[PDB]
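Let's start with one chain on its own, the form deposited in one PDB entry, as structure tokens.
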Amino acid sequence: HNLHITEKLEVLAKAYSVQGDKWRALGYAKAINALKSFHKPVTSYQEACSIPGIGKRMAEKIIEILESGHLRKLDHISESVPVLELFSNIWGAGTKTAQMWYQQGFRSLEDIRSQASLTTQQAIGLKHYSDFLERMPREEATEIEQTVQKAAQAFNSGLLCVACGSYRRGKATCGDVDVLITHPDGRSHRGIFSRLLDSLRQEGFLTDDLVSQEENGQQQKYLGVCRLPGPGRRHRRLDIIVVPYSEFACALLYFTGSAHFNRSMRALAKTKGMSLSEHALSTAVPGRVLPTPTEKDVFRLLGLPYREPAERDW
């Protein structure tokens, strides 16, 4: 739907975000969404005030954009913001690191390459800078998930592998590939990361590891980098989680998202004296875990109608 007030607001929101004002940025995000959810182009100050997520200050900005066709605050955004955005788009660097690099006089990725001290993660993020900002066709995400599934089912064919994130939400393109792995017997998921990752390494599929606590038998996730074989391939981000079957629905719901949708659902759980995580839906406090064999049960226990993954793309 709408509109063009949001276009101005998003510039401001991004400026707040990269500069580290996360809660103010959150407020803008919620306002921007409320605006995008409204059917009718907002006209009245009082109208743009009745909307949940819109207050006195967001209203005024809306009124100025309606009257003047401009938001004066956009003329006074710090000159640092484009460089902060450039730096924080390095995987493994966030606002704190970006701000420090900026304070140290760095202005370009060449500055970072030649003069900044990089964490192991950040060096990987930098060397794949363009690739990690690309989205892949969902056809490619299928190939990547199948690669993971084949390696997994090769040593335990009962392993259940499901591509989640934007892929499961049906998006045409994917930022990365998110794969959930579990086992219906409730125990054969334990300790498999070593075997799975070793297998994917043997064929040269994995190219870099970002987060992978392989000294821990209770490792929950792998975040890394892969590349399919042959010409015309880019490096793609790969995220794998391995979960016990008892937590399947909550893990699936979480990993499917969207992130915004997860936050909304967890917010709602709080209002009902409950707590929702990737492990379980509980009553609040620890608390008592509720039985959730399927995603549908999570919605039901929260008093919600079920939403298909494509309807969770918030």
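What we label the rigid core is the largest C-alpha set whose atoms superpose within 1.5 Å from one form to the other. Throughout, we count residues from 1 along the sequence that is shown.
Just so you know, the form deposited in another entry exists too; it's not on screen, but the next bit is about it.
Considering 218, 117, 130, 103, one residue stands apart with a C-alpha shift of at least 2 Å between this form and the one not shown following superposition on the core, and it is 218. Between this form and the other one, the CA-CA gap for residue 214 and residue 276 narrows by 3 Å or more, being smaller in the other entry. The gap between the Cα atoms of residue 93 and residue 214 is smaller in the other entry, by no less than 3 Å, than in this form.
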